[PDB]
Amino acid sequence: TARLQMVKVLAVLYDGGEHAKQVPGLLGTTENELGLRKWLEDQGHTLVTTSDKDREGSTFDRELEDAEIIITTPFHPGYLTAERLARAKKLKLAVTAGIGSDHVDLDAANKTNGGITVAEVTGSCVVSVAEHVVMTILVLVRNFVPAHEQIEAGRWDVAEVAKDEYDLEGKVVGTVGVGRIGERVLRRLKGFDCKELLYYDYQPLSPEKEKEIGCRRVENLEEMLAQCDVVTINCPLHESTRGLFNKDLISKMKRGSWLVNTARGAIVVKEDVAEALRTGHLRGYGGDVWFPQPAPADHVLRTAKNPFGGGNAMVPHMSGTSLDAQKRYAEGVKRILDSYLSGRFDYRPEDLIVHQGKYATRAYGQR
């Protein structure tokens, strides 16, 4: 089979600056280019890399017009809007360096240049995120953030921070989505002796996995939320999950509950989370995802607090770009690129989000 020739690749990655020289394991940066440059150039392909992706007349906007392959990364996402896809005359393959391709307009992608392939590195980040979720759950439940702030400020008052400190043992935790991340969340929670582990997903766990992990499927999302002390969101962003966690749905959670979101920022309504924390309906909110990204400097969830001055465990979009994750998605991006550039188009099916004008996943809504 004849290899494709002189393919223009465009990568939109985050700037590593000095950090990417201190730590060469920052592969997914404009400096280190996922370790792809020599590999592409030796085949006669070209690579243009940028972090300039937002402003009118950005490098991304100029370069996407004749790029055949566009590599994006969720942590600093080149948003492939319908407007931009309509100008991407040569685009055949959009690869996500990581997991979650919702920064691409997938419906528009299906109608672009005969239907472009949108692929991501399935599995590459999922342990990383699951760990981050259990971390965040513990941080919130155990009231870590204001306790650490008290120490660094030179103060000492045990009651002040113990008054909102609980154990995770004996609490009910529910996951929205029991895919590769949600399942691995429940597998990490098993040893904590939660009162119950619940899930809501239109794609269920097998009975054997339910028994092995020790968890129960709840058929109705609102019924799950009403029983949970902790809720974690582990579903993709698609039309039916955008703004899902609005004031009305959050009001179904228990008063004083904890909400974690390492999925996608746009699944929650940021003002509704901030208001629920402000009135004490939520005890805490945390995770690493925002909409848009970079998160605006004034984004309300940078500084929103519960009525006691805690309950915020937000970080930048980092869980899936741990140094261990980056090695896996850099290798996976090379693998997806080789499937295309070889002319084989022999993608792993689980890497495909849209392909040949159709959705190629069950996980972006019931279709």
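Start at 1 with the first residue shown and count on from there.
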- [ ] Between 219-227 and 126-134, name whichever shows the higher mean Cα B factor according to the PDB entry.
- [x] 219-227
TODO: Using only the Cα atoms and their B-factors as the entry lists them, report which of 80-88 and 150-158 averages higher.
DONE: 80-88
Open item on the list: Can you tell me which of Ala325, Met318, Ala304, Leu40 has the maximum CA B-factor listed in the PDB entry?
Closed with: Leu40
Task: Per the PDB entry, maximal CA B factor within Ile70, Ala313, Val300, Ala330 - done: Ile70
TODO: Please place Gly179 in the lowest, middle or highest third of its chain by C-alpha B factor as given in the entry.
DONE: lowest
- [ ] Divide the modelled residues of the chain into thirds by Cα B-factor and specify which third, lowest, middle or highest, holds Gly286.
- [x] lowest
Task: Position of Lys111 among the chain's modelled residues by C-alpha B-factor, lowest, middle or highest third - done: highest
Open item on the list: For the chain shown, is the CA B-factor of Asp193 in the lowest, middle or highest third of its modelled residues?
Closed with: lowest
TODO: Looking at the entry's B-factor column for C-alpha atoms only, identify whether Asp201 ranks in the lowest, middle or highest third of its chain.
DONE: lowest
